[PDB]
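Here the structure is laid out as structure tokens; the discussion comes afterwards.
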Amino acid sequence: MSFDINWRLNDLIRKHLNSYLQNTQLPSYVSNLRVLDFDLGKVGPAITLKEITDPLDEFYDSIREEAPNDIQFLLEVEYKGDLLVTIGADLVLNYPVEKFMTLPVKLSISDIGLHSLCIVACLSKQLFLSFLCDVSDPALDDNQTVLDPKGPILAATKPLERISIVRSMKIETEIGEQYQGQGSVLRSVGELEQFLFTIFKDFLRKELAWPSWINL
């Protein structure tokens with residue numbers, strides 16, 4: 001019973017991600033970060049229902065502070081969809097001098113691979129969405145439920161020992177003709193690509209990964 005899903009949101013994600021970026025301290029090699037475009041795409045995840053339970057008490061606890069009869073789905077989610085983020089960056093070349101040059105440059109984050117247990121909780125009628133952990137996370141080996149609150153995943157006491165939710169991700173960069181020869185530029189671009197990779201994964205973890213969640 002592994003029955004699919006396919007599908008303003010894009011603009012909301014764009015402005016939020018933009019805020020995140022504008023609130024990030026930048027290395028010497030990048031002057032400016034901005035989201036040129038965000039696109040969730042046309043292709044969605046393969047969804048398998050794993051279990052269905054009462055919502056986690058942590059949700060109720062959250063509501064009781066600021067924000068009965070309700071429901072929660074434990075889902076296995078397998079994503080190899082067509083999400084695309086296009087980010088504008090001002091690459092700073094420091095090879096000769098400091099701030100020798102600035103190249104407007106555009107990076108493309110694409111081809112996101114994901115295979116993870118998430119949860120979707122209806123609590124009348126706020127909606128909670130959170131990615132718990134990757135499918136092949138070692139904390140699932142001893143063959144016990146994820147929804148165990150005293151268990152490793154939900155307790156979130158050892159974030160280091162968690163497998164990354166994002167399995168794969170592709171970053172490309174568009175630079176000028178003129179710079180494809182110079183190794184210094186290529187190196188700076190590499191550094192920027194790595195930095196943006198870690199930044200984006202960080203953002204996703206802070207927005208979607210348990211104990212964080214998307215609240216509606």
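A note on labels: chains of the structure tokens are A, B, ... as shown, every chain counts residues from 1, and ligands are counted from 1 in their shown order.
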
Env of stretch 93-109 of chain A: 12 Å cut, atoms = only C-alpha atoms, seq-sep filter 3 positions within chain, self excluded. Answer as a short mmCIF file (atom, residue, chain, number, x, y, z; two decimals) with C-alpha atoms, in the first residue's frame.
```cif
data_model
loop_
_atom_site.label_atom_id
_atom_site.label_comp_id
_atom_site.auth_asym_id
_atom_site.auth_seq_id
_atom_site.Cartn_x
_atom_site.Cartn_y
_atom_site.Cartn_z
CA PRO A 27 32.90 34.34 4.63
CA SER A 28 35.44 36.60 2.92
CA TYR A 29 34.80 35.06 -0.50
CA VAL A 30 31.10 35.97 -0.70
CA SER A 31 29.69 39.48 -0.47
CA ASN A 32 26.00 38.82 -0.93
CA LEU A 33 23.52 35.95 -0.97
CA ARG A 34 19.99 36.23 -2.35
CA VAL A 35 17.33 33.75 -3.54
CA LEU A 36 16.64 34.44 -7.21
CA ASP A 37 14.00 31.75 -7.48
CA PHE A 38 12.49 28.88 -5.54
CA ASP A 39 10.48 26.11 -7.17
CA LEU A 40 9.00 23.09 -5.45
CA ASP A 82 12.38 18.23 -9.23
CA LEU A 83 12.87 20.87 -6.52
CA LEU A 84 15.07 23.76 -7.69
CA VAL A 85 16.64 26.67 -5.83
CA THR A 86 18.47 29.34 -7.79
CA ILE A 87 20.63 31.55 -5.60
CA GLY A 88 22.48 34.72 -6.58
CA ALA A 89 25.87 35.28 -5.05
CA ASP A 90 28.56 37.92 -5.28
CA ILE A 112 17.38 16.58 -3.98
CA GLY A 113 17.38 12.96 -2.81
CA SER A 168 21.86 13.67 -2.08
CA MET A 169 21.91 17.20 -3.48
CA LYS A 170 23.44 18.73 -6.56
CA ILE A 171 25.09 22.13 -6.70
CA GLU A 172 26.18 23.76 -9.93
CA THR A 173 27.55 27.27 -10.47
CA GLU A 174 27.30 29.55 -13.44
CA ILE A 175 30.35 31.71 -13.99
CA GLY A 176 31.73 33.62 -16.92
CA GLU A 177 33.63 32.23 -19.84
CA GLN A 178 36.41 34.40 -18.83
CA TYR A 179 36.97 32.80 -15.49
CA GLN A 182 41.80 30.56 -13.65
CA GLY A 183 42.25 28.02 -10.84
CA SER A 184 41.91 30.64 -8.12
CA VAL A 185 38.40 31.46 -9.28
CA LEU A 186 37.52 27.77 -9.57
CA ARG A 187 38.73 27.26 -5.97
CA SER A 188 36.72 30.23 -4.67
CA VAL A 189 33.66 28.80 -6.47
CA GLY A 190 34.31 25.43 -4.84
CA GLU A 191 34.50 27.03 -1.39
CA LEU A 192 31.25 28.89 -2.08
CA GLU A 193 29.52 25.73 -3.30
CA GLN A 194 30.50 23.89 -0.12
CA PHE A 195 29.46 26.79 2.08
CA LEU A 196 26.06 27.05 0.37
CA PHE A 197 25.57 23.26 0.62
CA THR A 198 26.10 23.29 4.41
CA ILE A 199 24.03 26.47 4.79
CA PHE A 200 21.07 24.99 2.91
CA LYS A 201 21.18 21.68 4.83
#
```

Exercise for the section: Mind checking which residues fall within 9 Å of residue A:59, counting only C-alpha atoms, ignoring those fewer than 5 positions away in the same chain, and posting them as a list in words? Expected result: residues 64, 121, 123 and 128 of chain A

Practice task
Please measure the separation of atom CA of residue A:120 and atom CA of residue A:60, giving the value in Å to one decimal.
Solution key: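 Atom-to-atom, atom CA of residue A:120 to atom CA of residue A:60, that is 13.9 Å.
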
Practice task
One decimal, Å: what's the distance from atom CA of residue A:126 over to atom CA of residue A:51, could you say?
Solution key: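 That distance, rounded to one decimal, is 20.1 Å.
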
Exercise for the section: Show which residues sit within 9 Å of residue A:139, as a ChimeraX atom specification. Count only C-alpha atoms, and ignore same-chain residues fewer than 5 positions away. Expected result: /A:144,146,151-153,161-162

Practice task
Could you check which of A:4, A:141, A:66, A:58 is closest to residue A:154, using only C-alpha atoms?
Solution key: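 Under the stated criterion, the closest residue is A:58.
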
Exercise for the section: Find the residues around residue A:1 up to 12 Å (only C-alpha atoms counted), leave out those fewer than 6 positions away in its own chain, and share them as an NGL selection string. Expected result: :A and (46-50 or 75-76)

Handout entry: Residue set, stretch 52-122 of chain A restricted to alpha helix (DSSP H), as JSON, numbers by chain
Key = {"A": [57, 58, 59, 60, 61, 62, 63, 64, 65]}
